[PDB]
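Below sits a lone chain in structure tokens, taken as the form deposited in one PDB entry.
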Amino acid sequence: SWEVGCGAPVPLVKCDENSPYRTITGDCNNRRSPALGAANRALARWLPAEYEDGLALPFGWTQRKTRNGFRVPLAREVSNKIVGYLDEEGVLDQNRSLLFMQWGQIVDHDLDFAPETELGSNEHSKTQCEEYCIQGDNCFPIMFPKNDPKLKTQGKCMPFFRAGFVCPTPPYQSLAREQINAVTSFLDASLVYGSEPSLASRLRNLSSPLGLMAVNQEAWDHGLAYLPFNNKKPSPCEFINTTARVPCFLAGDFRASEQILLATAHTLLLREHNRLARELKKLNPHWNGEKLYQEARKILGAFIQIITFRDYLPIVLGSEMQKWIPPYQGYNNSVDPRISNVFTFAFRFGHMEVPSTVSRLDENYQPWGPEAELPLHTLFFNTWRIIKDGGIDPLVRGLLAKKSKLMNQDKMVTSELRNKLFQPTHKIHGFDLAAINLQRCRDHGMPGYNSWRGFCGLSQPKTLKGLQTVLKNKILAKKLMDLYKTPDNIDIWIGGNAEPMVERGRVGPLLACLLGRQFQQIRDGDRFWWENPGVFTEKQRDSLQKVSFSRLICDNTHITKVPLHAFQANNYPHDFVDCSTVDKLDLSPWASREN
């Protein structure tokens, strides 16, 4: 901060200041500083960027420049020695359902997205990088280790492109490079509605004035809605199966169809918007198309905030929750609501939470057909298994009945993601999310691990013995030291995730502080936080405390057996009750009488 006004990215428009509704962009939440928290602006910097040349070149770029005296280890080598494992047996989280992993990806995507630099639908630069592994400009490739099998089978590196930065897209002249966040920092359902003035509108159904979202017209799920297909060919969803030829879904957020289970979640959310809107027309027949939209929207936003803050964070943060996120005391206009750059890597802990397979279950929660369990890697940008395999009901029950993967210092990220990741731009299932995430810390100029322990007021080990004590693991601590040669050099993502878990939580002390602070701020900094006096009415608020993800399921699918607490592990049928029983969102507090 303070070279104070830079930035052409920015969409440019005006504030109402008495509108009961959030903008699409995030603008106007904060009154004296109207752009704070808007999409298309820099991620905040809780600490100064640390770049090889102090301005923009990442560490690992210039082969002979060290970090603190040592060579940073290769992204992919750190991946092979620390991150991978072979045996999926015993890896499941006994007390977290698959939906736990999945709500996290919804929340993260509502909060932050640093898109890659594209810079041309022309250049052998998406090819000069692909084919020849030549580092330069925005090509910053992940080279393979000696002894890496991928050498024999794939090539010399994995393509990787530096993330977008503020102000331009051309090589910028001067400050310190800052990455763009392309979405709104406020937990506002921007992943359903869009963060842009352009997209938000294209998503709506403006033929009927019922304030509905547009739905797929080419296909149905027992007369229930699917998302509209996305327009844009070439389509990666089309690529994974050229026979089925089913395109990716068009949603509020571009990553919606990265995986069948995430696309599933988006579908439930679109469905609740229309459900809520048609319900609202019923109650206020005079109500307008816009008002229908803004009011369903406003409710969906409150809903995501509630499930997130009431059900999800306490079982990520565990005992640390109340020390970072005290109870709400009212909107604080002085709090900086912006997502920080480090949060977007801290939140990546969810990557260790992803299991190797996905199941479809039938109405008795039994294996659905003969090819019921699928390897995760065949589900990246796979929409055809939704539309041409029985809809989302079978995946939705899998979400409740199956478990998340447990972070585990020895078994860290599944091969499904570490070896077989499919990237929407290239052809092979053969990318490493782990290495990527590492290459990306470096891309974003993150401070190393001891800077972050310092920031969160935690001890900073400087020796192997120091490291074992913190990590509580001799083996892991020595692998890290051999590779990094000083804890000060440990990339934050893997430093943060290597720590044992706090009591009742799913992240360690370092992560709980970083996650914790961000969430506190996005809630205290949000003028439209659902509990903020005057946003909803006391009576509306009373009716919103009854929302539950189980209800959401009941009202939007043909499942009639759900668990009451969806995020913990639940065995069918003992933990499964009748949909016909779960608290419903009483929706009458929203009535409007003009006399």
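Basically, rigid core = biggest C-alpha set you can superpose within 1.5 Å across the two forms. Numbering starts at 1 and follows the sequence shown.
Keep in mind that the form deposited in another entry is missing from the display, and what follows is about it.
Only residue that shifts (Cα, 2 Å or more, rigid core superposed) between the shown form and the other one, among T242, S207, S121, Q329: That would be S121.
Exceeds or equals 2 Å, Cα of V577 between the shown form and the other one, core fit: Result for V577: no, shift under 2 Å.
Cα distance between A114 and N122, which in that other deposited form differs by 3 Å or more from this form, closer or farther: Closer together, which means the C-alphas of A114 and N122 are at least 3 Å nearer in that other deposited form.
Note on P11-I106 C-alpha separation in that other deposited form, which departs from the shown form by 3 angstroms or more: Farther is correct, given that in that other deposited form the C-alpha spacing of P11 to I106 is increased by at least 3 Å.
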